[PDB]
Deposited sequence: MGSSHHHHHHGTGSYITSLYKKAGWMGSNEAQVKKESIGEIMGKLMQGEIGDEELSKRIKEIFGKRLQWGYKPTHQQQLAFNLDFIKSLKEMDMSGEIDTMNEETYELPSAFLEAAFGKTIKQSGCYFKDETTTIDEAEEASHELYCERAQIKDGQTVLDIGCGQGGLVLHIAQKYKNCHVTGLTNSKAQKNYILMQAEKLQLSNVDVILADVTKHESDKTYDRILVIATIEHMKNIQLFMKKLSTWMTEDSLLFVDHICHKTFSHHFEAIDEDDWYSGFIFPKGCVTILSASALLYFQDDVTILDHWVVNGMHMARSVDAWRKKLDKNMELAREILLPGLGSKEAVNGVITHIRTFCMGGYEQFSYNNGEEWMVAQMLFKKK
């Protein structure tokens, strides 16, 4: 009935799943009411106001726990599910192929994957295109280590990984292909981000961006009101922005759009659902893995509760109206 009340009950496994889902669904429904305007005139005013506001602006989970929660390549982004029996591992790969098709990857190209995570796309491209030089860029020591280790086991010679904050990283190097998957959501300054990317491109390069979106409006991932315990739980900072499907159309100072797609949010929902189910299946192993690094069974339960609530929440968000509210947007660009 209040902030701490719900949080207390949540950490103590006293909120059932059906209730938790229902609570979170309500929260997102209120986000919808906040975002939809009665006329397109007003909707544009709202969206443009947000776009204009944009132009003014240490602990790492064990990889072993990650393997117990995510799919094989530990994709930390929306996958693509062909069939109702598609496993998370298949969906991972489907998603990878889609990106390769849409980014127009060809054997022989230099490829840069900014915010490359545990490197599932770096690894996919490298294995499928033996003549591409694939660079991952990441700000995490542990991710760089995991990718390099996987490249070694897979007998891959065409992989390097830059350890850098992209917002600080400087280089003369250019690339045939730049891929940005689930990373723009974290970018403080998009206009300046897009500008940097353009400098790492030539007249021949293509830029492919994928981000979670709403079809109609943008929002920060944060509490609207006092009843929203979820937003602040999941993103304790709240430097996750959710751009509208079309927000990036407004950021063509330095790049030019060539194509634009969205993927229905049921794919994302099935992604988080799989992560959740798999986490549940491996609940005990997960606790054992985390206990060393956390040194407290309560600290572990804390870290697990949060990852699970994220999945449970993500499921309500992306499945809303059969995936026709929150979904994933994709764009292809060339340099000016």
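K.L.:
Which parts of the deposited sequence have no C-alpha atoms in the model?
P.N.:
In the chain as deposited, 1-35, 93-104 carry no coordinates.
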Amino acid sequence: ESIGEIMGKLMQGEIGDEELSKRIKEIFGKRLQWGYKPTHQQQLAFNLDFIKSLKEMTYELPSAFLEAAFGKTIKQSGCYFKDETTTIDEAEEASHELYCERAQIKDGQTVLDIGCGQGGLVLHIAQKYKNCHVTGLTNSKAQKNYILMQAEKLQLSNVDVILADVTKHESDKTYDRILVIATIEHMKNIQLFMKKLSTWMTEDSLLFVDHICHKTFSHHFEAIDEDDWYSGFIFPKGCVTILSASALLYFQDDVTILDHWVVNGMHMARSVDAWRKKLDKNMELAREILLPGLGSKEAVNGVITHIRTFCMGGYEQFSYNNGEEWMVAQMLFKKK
From here on, numbers count along this sequence of modelled residues.
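K.L.:
Please work out which of 245-253 and 222-230 has the higher mean CA B-factor as recorded in the PDB entry.
P.N.:
Higher mean C-alpha B-factor in the PDB entry: 222-230.
K.L.:
Determine, for stretches 320-328 and 17-25, which one has the higher mean CA B-factor as deposited.
P.N.:
Looking at the recorded C-alpha B-factors, 17-25 comes out higher on average.
K.L.:
Just grab whichever of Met268, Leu48, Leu32, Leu61 has the top CA B-factor as deposited.
P.N.:
Reading the PDB entry, the winner on C-alpha B-factor is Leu61.
K.L.:
Specify which of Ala151, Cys213, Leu207, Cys100 carries the largest Cα B factor in the deposited PDB entry.
P.N.:
Top of the list by C-alpha B-factor: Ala151.
K.L.:
Among all modelled residues of this chain, ranked by Cα B factor, put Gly78 in the bottom, middle or top third, i.e. lowest, middle or highest.
P.N.:
Its C-alpha B-factor belongs to the middle third of this chain's values.
K.L.:
Which third of the chain holds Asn139 when residues are ordered by C-alpha B factor: lowest, middle or highest?
P.N.:
Ranked within chain, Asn139 CA B lands in the highest tercile.
K.L.:
If you rank the chain by CA B-factor, which third does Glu203 end up in: lowest, middle or highest?
P.N.:
Answer is middle: the recorded C-alpha B-factor places it there.
K.L.:
Going by the CA temperature factor in the PDB record, which third of the chain does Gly108 belong to: lowest, middle or highest?
P.N.:
It falls in the bottom third of the chain.
K.L.:
Going by the entry, which third of its chain does the Cα temperature factor of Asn264 land in?
P.N.:
Bottom third by C-alpha B-factor.
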